[PDB]
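Structure, as structure tokens:
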There are 2 protein chains.
Amino acid sequence: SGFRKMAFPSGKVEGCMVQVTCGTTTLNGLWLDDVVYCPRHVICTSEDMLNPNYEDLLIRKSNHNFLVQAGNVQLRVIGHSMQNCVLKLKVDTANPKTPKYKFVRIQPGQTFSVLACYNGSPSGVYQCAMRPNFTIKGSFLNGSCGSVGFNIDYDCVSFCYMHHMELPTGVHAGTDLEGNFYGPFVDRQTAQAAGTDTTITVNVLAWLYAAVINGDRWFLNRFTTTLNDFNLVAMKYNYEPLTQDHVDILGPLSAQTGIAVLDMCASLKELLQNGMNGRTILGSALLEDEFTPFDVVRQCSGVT
Amino acid sequence: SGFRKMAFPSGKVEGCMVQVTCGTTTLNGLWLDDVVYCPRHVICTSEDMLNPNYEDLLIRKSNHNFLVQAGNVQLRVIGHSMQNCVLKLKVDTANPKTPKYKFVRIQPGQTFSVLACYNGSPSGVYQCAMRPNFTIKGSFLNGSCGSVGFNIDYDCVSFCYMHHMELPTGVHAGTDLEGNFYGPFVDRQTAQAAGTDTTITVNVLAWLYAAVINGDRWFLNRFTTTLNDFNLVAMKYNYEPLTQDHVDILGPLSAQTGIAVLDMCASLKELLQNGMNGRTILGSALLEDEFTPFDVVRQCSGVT
Ligand SMILES: *C(=O)[C@H](C[C@@H]1CCNC1=O)NC(=O)[C@H](Cc1cccc(F)c1)NC(=O)c1cc2ccccc2[nH]1
Ligand SMILES: *C(=O)[C@H](C[C@@H]1CCNC1=O)NC(=O)[C@H](Cc1cccc(F)c1)NC(=O)c1cc2ccccc2[nH]1
């Protein structure tokens with residue numbers, strides 16, 4: 001029993017983190033086979049950022065301008081190129097610790113683990129969701145850029161996020177490992193800001209099922225609702241509409257608990273309209289939306 | 001910016017997890033140098049548990065009854081012995097991935113990372129506090145016993161927890177790596193139950209400082225309180241008394257924010273007496289007590 005925000009074990013990713021330095025900027029890189037991936041803004045000066053032409057900036061660099069350090073070993077850079085907003089530094093040594101991996105882009109509402117790193121050294125691991133507005137609510141300081149987000153399936157690391165920047169509200173923005181930003185953000189100095197966000201309804205329902213599996217039942221009721229009536233309530237409280245695919249995805253959890261999805265939706269409607277009246281669910285006094293149905297199933301196996 | 005429940009990178013511990021099987025029981029072990037540590041209840045049958053004499057049970061075992069598997073390699077057991085509630089299996093191979101390590105016992109109120117494992121394979125990592133009542137609110141299923149808790153300092157893993165059991169309320173109990181239980185729990189079948197718990201006051205104050213560093217200020221006020229008057233309020237709300245050492249430990253965070261510790265205590269008193277009035281702090285609608293002052297400093301460096 002119990003339910004925690006749990007990250008994937010980070011060792012397979014730790015073995016891939018290196019330090020990349022260009023000029024006076026140091027940040028992190030991801031070393032897979034004979035390529036090190038890092039944010040292209042490593043090549044910028046501060047004044048470069050309010051109007052950078054990266055093609056020009058990169059054409060003025062050579063391999064020797066990039067210092068790559070893996071632990072206490074310098075890696076010789078033998079080529080450089082830019083893929084969208086990431087820099088690919090070819091090095092003369094394949095990482096012997098390269099895991100099986102994939103570069104996957106994730107959807108809003110999906111979760112992943114972040115290995116925060118500084119100076120190529122891992123500092124902490126935590127779980128994050130991609131928000132509907134394509135930001136993440138991370139924990140990142142100066143020097144954390146190039147830290148990555150990932151999921152692990154069997155033996156395979158699916159990398160889905162590289163960290164680039166912090167927005168004015170304190171939330172975070174980055175790219176997939178192809179260098180393509182999540183959301184309408186850019187690696188140049190602008191007034192860019194997070195757009196309006198919404199709550200991930202299917203994840204809240206998943207977490208209510210986690211709570212039932214863990215013995216929190218006080219919010220259940222005998223009522224049901226229709227999908228349409230629920231989604232009228234969702235709209236009013238800035239929750240994302242629930243689809244029939246979401247209902248289908250919640251099928252296993254509904255079967256395990258014996259609580260139909262639209263019955264649980266009637267409970268969520270009551271919670272939105274009434275609040276908790278001083279009670280908690282899984283140790284929270286808010287409705288939590290950063291657990292997917294898969295996160296709940298993986299963690300709550302066989303408690304029944 | 002940002003503030004997350006962050007665990008330590010788990011790779012150094014992943015390299016130490018193995019599977020231990022005795023009879024029909026499989027659980028996890030910790031392989032350091034040429035010793036594998038695991039819960040001694042691995043040698044018990046189900047009926048053994050309501051009244052086990054472990055000295056007798058172990059005197060009836062031999063090395064060949066213990067199957068130890070590190071990944072896909074069987075480790076030959078060449079000795080066995082029992083230290084309090086842990087079993088030490090000497091194997092004929094030193095773990096080449098042994099980190100620098102220590103066995104440290106932690107205090108209630110301190111935090112650590114848990115690497116949940118099944119069948120010797122790491123599944124997830126999360127941060128936990130040792131509660132005042134010596135339980136932990138973990139996330140553990142059948143097969144998770146022998147999973148460990150730890151902190152990492154520079155290159156050194158301080159192991160502080162091995163998992164043994166789940167209590168009736170769904171919280172968890174275990175030992176230090178010397179096999180000595182945290183709290184008044186035993187590895188035999190009893191009606192044992194978690195005792196009354198309390199909130200870790202110094203950690204709540206630390207988290208309020210984290211919130212200030214991250215721009216949540218609405219709960220601040222111009223008032224101060226005395227330590228005595230605060231502790232009268234603490235007693236009423238089942239919070240642990242605040243000591244002058246706690247005040248001293250909060251000194252750096254107080255200096256960084258410019259908010260005297262007893263000023264922050266006056267804010268906490270107001271929050272306990274009034275609630276939050278629909279507001280949140282660092283994304284929570286409850287006062288959070290599983291971050292130590294060191295956790296906050298490590299994570300919130302230089303946001304100022
Ligand atoms: C990389 O290590 C670093 C991580 C930041 C630092 C603080 N917290 C984080 O997550 N990233 C930067 O320094 C980037 C660089 C950059 C990227 C894209 C466009 C840019 F103009 C600059 N800068 C920021 O994250 C940044 C800059 C400003 C200015 C004003 C308000 C907010 C803000 N965020
Ligand atoms: C080890 O893998 C396993 C981990 C448990 C399983 C469920 N969630 C966990 O964290 N631990 C056990 O099976 C232990 C064995 C044990 C240890 C000490 C004394 C014992 F009598 C048995 N058993 C339990 O955790 C347990 C047994 C019972 C019975 C009734 C109520 C609660 C309870 N917990």
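In what follows, every heavy atom counts, from backbone to side chain, and hydrogens, waters and symmetry copies are set aside. Letters A, B, ... are given to chains in the order of the sequence lines, protein chains preceding strands, and every chain is numbered from 1.
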Identify which of A:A285, A:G215, A:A7, A:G124 forms the greatest number of heavy-atom pairs closer than 4.5 Å to chain B.
A:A7
Which bit of A:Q127 comes within less than 4.5 Å of chain B, counting heavy atoms only: side chain, backbone, both or neither?
backbone
Answer yes or no: are there more than 12 heavy-atom neighbours, outside A:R279 itself, under 6.0 Å from its atom CZ?
yes
Pair A:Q299, B:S123 - check side chain to side chain contact (heavy atoms under 4.5 Å, CB included), show working.
CA-CA 9 Å; A:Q299 199 180 147; B:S123 176; over 6 Å; no
Hey, which of A:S139, A:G11, A:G275, A:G2 has the most heavy atom pairs under 4.5 Å with chain B?
A:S139
Whether over 12 other heavy atoms sit under 6.0 Å from B:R298 CZ
yes
Who wins among A:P9, A:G302, A:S10 for the most heavy-atom pairs under 4.5 Å with chain B?
A:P9
Residue, of B:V125, B:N142, B:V13, that accumulates the most heavy atom pairs under 4.5 Å with chain A
B:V125
Considering only heavy atoms, give the residues of residues 112-121 of chain A separated from chain B by less than 4.5 Å, sorted numerically, with 'none' for an empty result.
A:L115
Using heavy-atom distances under 4.5 Å, tell me whether B:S301 contacts chain A through its side chain, its backbone, both, or neither.
both
Can you measure from NZ (B:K5) to CE (A:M6) and round to the nearest 0.5 angstrom?
13.0 Å
Heavy-atom contact with chain A under 4.5 Å, split by part of B:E166
side chain
Between B:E290 and A:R4, does any NZ, NE, NH1 or NH2 come within less than 4.0 Å of an OD or OE carboxylate oxygen?
yes
